[PDB]
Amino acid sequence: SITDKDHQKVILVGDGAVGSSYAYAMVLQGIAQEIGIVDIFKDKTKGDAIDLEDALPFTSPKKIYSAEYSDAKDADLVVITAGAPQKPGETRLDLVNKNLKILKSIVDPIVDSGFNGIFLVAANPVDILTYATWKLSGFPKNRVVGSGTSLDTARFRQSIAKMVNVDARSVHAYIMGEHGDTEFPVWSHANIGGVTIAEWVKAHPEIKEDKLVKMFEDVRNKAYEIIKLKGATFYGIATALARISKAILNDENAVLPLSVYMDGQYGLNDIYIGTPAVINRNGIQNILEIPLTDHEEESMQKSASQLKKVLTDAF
């Protein structure tokens, strides 16, 4: 039967707080039918798998288990989460190189298993590791996807939502560029129920320019704030990963801000970087090129340039 294929299988690589929280999100939302969890720390993955299985009688059924790279053979999705952290005083290039070795030891056995689905990359630095996964795997550009600025965009939406007291699902505003210190807000096309932020501020002049600038700064620094407060961030990114997973596995043609391959968009080439894109069961369909102001376009060029320099030195 053609309906022998109606079994969606996800292989998760990295079972830190991000990977674990992602698996839990997929369990609670009933997304996919099978999750294999791969990590060097085997005991932890078994522990997580059996803790997660106990949730199953209150949600939809799944097979969940501690897995190996060879289990990716018939997977739909390989989700790569756990980047080696930057050490005090280590360069960005050194961070990249140590992650490339590790990432090679994940991607090569996954490819060798016969895996032929979509790579979803969340490991930091995400735009760089998305590109690296593309280079290592040999896959088509549109089947290697990074989480990019999807989380920063959610943070930005929720911050605006709180300021104006509106459901963030009615707020539409992007953060773009390389996820990290060089990302920028796209204020020119940001809106609340279709009303641009510029228009909203005209109607509500108590909202000062200084507060909007600070709101974006606070978004850019949000991970640092959360890490300072509780040690690590995870609920945001796990949720954003589950959302991306659903867009793929339910073939949605949803627009999400993701790390996608530049082929001329924004005057950029041959890097992965954060922009809105349409995603479906076959990966990235269209890349949306928001017409940026001169100030926004310069931010995009600066973000990309430093990123491209690091990629060039790295490969």
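One-based numbering along the sequence shown.
Set 203-211 against 94-102 and average the Cα temperature factors; 203-211 ends up higher. Legend: mean Cα B-factor per stretch from the PDB entry, 160-168 versus 237-245; the higher mean is in 160-168. The PDB entry assigns its highest CA temperature factor, among 17, 13, 292, 25, to 292. The PDB entry gives the largest Cα B-factor of the residues 52, 256, 37, 288 to 288. Among all modelled residues in this chain, the alpha-carbon of residue 32 has a temperature factor (C-alpha) in the lowest third. When the modelled residues of the chain are ordered by their C-alpha B factor, residue 152 lands in the lowest third.
Looking at the C-alpha B-factors along this chain, the one for residue 264 belongs to the highest third. When all modelled residues of the chain are sorted by CA temperature factor, residue 229 is found within the highest third. When the modelled residues of the chain are ordered by their C-alpha B factor, residue 110 lands in the middle third.
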